[PDB]
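Engineer: Here it is: the structure, laid out below.
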RNA sequence: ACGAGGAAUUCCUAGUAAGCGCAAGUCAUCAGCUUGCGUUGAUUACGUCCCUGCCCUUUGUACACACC
């Protein structure tokens, strides 16, 4: 059976990631879900949707929650985009040809923020781990990891090829550098978290947890360990919540010196830091009444060097912001807020004061937005689509243009459906308010207000589209008939308990009503004679569908299982469990029995209704899928989630002994080359100075591991075990015994490591010459007997030194014990 | 007394051992032995340090004892010619 | 005398004789020693 | 219809492989045989974990000495 693919995502304009801006109100890149969008904000529409070259739910794609975009940073000179995803992989993009050019990952959880090095050809990324990683842009390689924070970094700032400041989810400012390569300075910034830091060279402002920002002196001049970066003082905010981003804006000889702070609730405060001229003239003004109390009141500071003047204030909860300014007159500030809405502000100012109490929203991009959870969905006869949310703003879409055609506010809208020619939508709210709208003309046709005294929770048409059933929260299901332009209520039907989901048969046979009693009544529409009461869920059924020939309902609840029920007697075929949060909407393909279960786990599956396998499993959402609907004659399904995305799916090894042997002979070859080099340097310097040998080059293995040869053979002699050692250095021949003796010379001409491996060296050497004694004393080499003279003398000196220390300590400590007993036994 | 706690617990091995013996040598070479005795609780430390370093003395003494096979190989190689 | 457990719960003394204090060592070694004494009391 | 059985494969370590007979017919099995008993009686390993695997352990925890 053929499969389903993704077209794209539509209706997501501002996700959970920071925005950055491109100059020429300029271009603007934010993240949509798992792909990024490129805009102009004057025209107020998309110019390019950068997506990755892999369709989700495809025959190439994999089964997992797809990686959410969560940070943006643009470097506009070479035109690169660093994108970073919520699994922890960072890609970069040429923004022109739209192709990924580096795709590296080293992070485990989601990243937190990127930063380019200002065309340093290196990108530094900080995670929600304890990771700050430096990566090359021309390597596909990480320069280095950077790791001493406890929990999760929040902000950082680098400078040059040398220094960096960082701050984390525990309040610890850390200072790092390239060369010494570790942390150098640490402070507790706040008692809890610490979310944003910002610098222009001298000072460091940080935010805290609740309205305690803090001023710090940088000092990269000072060569004093404690105090590379000190603090001075604090001040407060208007908002009593965690400021989570600060940044500076500056200019030349106007002294732009403004920094902003994103509060965590609907608010962005802005501040000015002020020049030395007004600092100098105001210091004496505070130094009126004229020394100890003067310096105390001066330390009590940031009140003087700060200047809070404007607290811009949006419609609802903000999410991310970015700056632009020009020459002492205007400051313009992009803000993409929580739901898919961006809000580009501007303020005039007289470079001491704004001279306007409120900021100016010069632009607001609003078109493809939805502003709440889109909780209902429809699709007409393959000619237009629908989206419906608690905003009020129903949004009517088209297939191959994806533009918000019509938009008009109703209320807390949760269920809606077309009229059978299209062209008109009926809808219900959180009260008994039923709204009818058209496609093109004057929007609010009518509203039956107080159709019920409680909420309504589902509704459906008939097949011909004249009678209209709804099921409502007041234990009531009610009928309507359209009249030519309005509605007429005709038939109330009280129930024993509370309906929450209805559905009519597609060949208008009968209607199924759920209850919050864990059951569904199948109920005639001609006669209402209570055909069936089929049950067995134990938590209320909250989606109902009927087969295309009224033979087989598919019912589903918050018990995560869906039940496929034959209608000839209300019997079952399967009760099958999927989707481990809950189901909330199952939809039926209009020709065969293949149905689509959405979940509250960002997953839709379509299943055949006779063999019950999830013949396709589909993952491309991020949050709870709040509606879906399949097309009439397309096999063409729309689905809308809590992340404000709607989207449409369409048809298609040595051992011990010899290791010691070979490491020993390469080390001895290196050592003998070095001593021949010392003889050749004797020939160059301390001889008839005509020429020389140049250099025996370093051996590749010990140069790569950066080890002296005696330390390398000491490493392998260390790593062989105690048990097989006695035959490991019994395998080796007498020539290898001889170069082992040469190693013992060159290792006891180095008292650094001789004293730290002395019993090992002694046990090995004494067993070697005890086993090889018969050939050793028959060897005839005067340099060898001088060699073991040297070994005997220096080894016995080291042993008698350490046993001198041990005997001295024995006698001293037992003297101490015996004289304490002599004192008070 | 914290240093001698950690030094006694270093004294059990043979690898982390000589540096324990040398810091014992340091603190008893420098401090007053009367002060070392009248520090309270330290006799429980020092009587557990004593037999370990007695054992290590015997072990290194056997090492330097069997070191003389180099001298025997030397005197035989001198007997050679 | 023999080296036993640690005398306070801010450090660990191995039967080796070496000791780590529970804020000296890095988190990778904390995971490693957690796994190690998990096996050591699992047997 | 045949001149000692090919490709390869199976099995096998001391009174063992194998040759030679001879009895009996023991409630199931077997007489085309089965089981006993006697006789004659070797060659090659009797090591190794390298290959094929299979298993066990990774606190040594047992009470000195020693090693780890």
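Shown for chain A, in order and in Swiss-Prot numbering: 5-28, 38-303, 308-317, 321-504, 520-687, 745-917.
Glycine is treated like the rest: Cβ placed from N, Cα and C.
According to Swiss-Prot, the protein has these features:
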{"type": "REPEAT", "residues": "A:77-107", "note": "repeat 'WD 1'"}
{"type": "REPEAT", "residues": "A:119-149", "note": "repeat 'WD 2'"}
{"type": "REPEAT", "residues": "A:161-190", "note": "repeat 'WD 3'"}
{"type": "REPEAT", "residues": "A:202-230", "note": "repeat 'WD 4'"}
{"type": "REPEAT", "residues": "A:389-418", "note": "repeat 'WD 5'"}
{"type": "REPEAT", "residues": "A:428-458", "note": "repeat 'WD 6'"}
{"type": "REPEAT", "residues": "A:471-501", "note": "repeat 'WD 7'"}
{"type": "REPEAT", "residues": "A:571-601", "note": "repeat 'WD 8'"}
{"type": "REPEAT", "residues": "A:613-643", "note": "repeat 'WD 9'"}
{"type": "REPEAT", "residues": "A:655-685", "note": "repeat 'WD 10'"}
Engineer: Out of A:119-149, A:161-190, A:428-458, A:571-601, A:613-643, which stretch touches the repeat 'WD 1' (A:77-107) the most, going by CB pairs under 8 Å?
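Structural biologist: Going through each listed stretch, the top one turns out to be A:119-149.
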Engineer: Short question: most Cβ pairs under 8 Å with the repeat 'WD 3' (A:161-190), which of A:119-149, A:389-418, A:428-458, A:471-501, A:571-601?
Structural biologist: A:119-149
Engineer: By Cβ distance under 8 Å, which residues at least 6 away from the ends of the repeat 'WD 10' (A:655-685) in the same chain are close to it?
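Structural biologist: Same-chain residues near the repeat 'WD 10' (A:655-685) but 6 or more away: 8-17, 19, 45-47, 69-70, 78-79, 81, 359-360, 389-390, 393-399, 401-402, 405, 407, 417, 616, 619-620, 622-626, 631, 633-639.
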Engineer: Checking distant contacts: for the repeat 'WD 9' (A:613-643), what same-chain residues at least six beyond its ends satisfy Cβ-Cβ under 8 A?
Structural biologist: 5, 8, 78, 541, 577-578, 580-583, 587, 589, 591-597, 649-654, 656-665, 667-668, 670, 672, 674, 676, 684
Engineer: What does DSSP give as the helix, strand and coil breakdown of the repeat 'WD 10' (A:655-685)?
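Structural biologist: Looking at the repeat 'WD 10' (A:655-685) with DSSP, the answer is 0 helix, 16 strand, 15 coil.
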Engineer: Mind tallying the repeat 'WD 4' (A:202-230) by DSSP state, helix then strand then coil?
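Structural biologist: Tallying H, G and I as helix, E and B as strand, the rest coil: 0 helix, 13 strand, 16 coil.
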